[PDB]
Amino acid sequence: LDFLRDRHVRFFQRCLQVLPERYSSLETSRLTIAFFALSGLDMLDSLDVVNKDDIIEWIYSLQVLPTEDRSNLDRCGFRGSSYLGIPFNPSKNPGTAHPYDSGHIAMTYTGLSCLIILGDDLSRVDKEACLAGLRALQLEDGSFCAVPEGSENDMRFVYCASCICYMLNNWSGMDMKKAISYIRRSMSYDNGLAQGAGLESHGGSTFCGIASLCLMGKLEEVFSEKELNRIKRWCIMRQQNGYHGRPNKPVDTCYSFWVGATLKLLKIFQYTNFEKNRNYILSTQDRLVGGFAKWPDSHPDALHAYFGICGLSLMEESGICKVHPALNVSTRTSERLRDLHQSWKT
């Protein structure tokens, strides 16, 4: 049908306000929910409907700053929320030592990303601390963990690391050569990229891999033309109407971005079928509450609302800003980020 723009604006506004007891499982990643909402409003050019200053303070209260004795550097970055009970402190005083308080790579990523979207200049971000924290998360094989205490490691976090380094315009946060090696090793026999070596290639990991390389500005250098052609073939084969994440799996709205954005970075999204993709995405639109779902006649959520919108953006939907396919922010925001980086170099 048609794109219910205002309905989605309200949907995102609601997400920023209060969530029902049944979303408790997102408690530790509330910052990524905020990102979906803010970046989503940004994409719809409606950031005006929120108080950028309040949200900026909230985000800064999530930053894990180094302590007086700088003994917790390997644990700096951003928290997903205040679930640990640390007193509200919008990156003012130093860090109040806590046995289990550390950052989470996906939160440091969405956190910085949110700050940039809200117009903040990142002056209150302890860049060196975050980078030190990032470095500590990388494993021998080049991939990353999410927290210093330990977690699973895969392509998802390689992408987070890349985004962080890119936004802080400093790649000392990772051993790029090893990360690139991990990305190459994840390529499957079917030519898509998997979460790790030997695993089933997947639209999500293929996006994370390709986008990371583009952020590093090494796509061409890492993959040969023949290789890129094979990857392109795998990616464009994901379109059924909407896109699925793996061969023989049902389509899901969010892949219109994961795969679509990858195709965009590979310069062949232009050859996909726009109409069927757009029609599928809209068929998952919740005309009553707003937002999008993974499947039609299914309940909407912040993740699919945001990616469905970004998916539409890839085809320049009337009313939606163009999304930067590798950074996962509006081109406008990526532009402001360029000015920011430039401004720093003085």
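The numbering used is simple: start at 1 and walk along the sequence shown.
Of the two segments, 84-92 and 264-272, the one listed with the higher mean B-factor is 84-92 (C-alpha atoms only). Mean CA B-factor, 176-184 versus 67-75: the higher value falls on 67-75. Per the deposited coordinates, the residue with the largest Cα temperature factor out of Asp126, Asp252, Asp154, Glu200 is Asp126. In the PDB entry, a CA B factor belonging to the lowest third of its chain's modelled residues is recorded for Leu303. When all modelled residues of the chain are sorted by CA temperature factor, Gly217 is found within the highest third.
Remark: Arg238 belongs to the middle third of its chain, ranked by C-alpha B-factor as recorded. When all modelled residues of the chain are sorted by CA temperature factor, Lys232 is found within the middle third. The PDB entry assigns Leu139 a C-alpha temperature factor belonging to the middle third of its chain's modelled residues.
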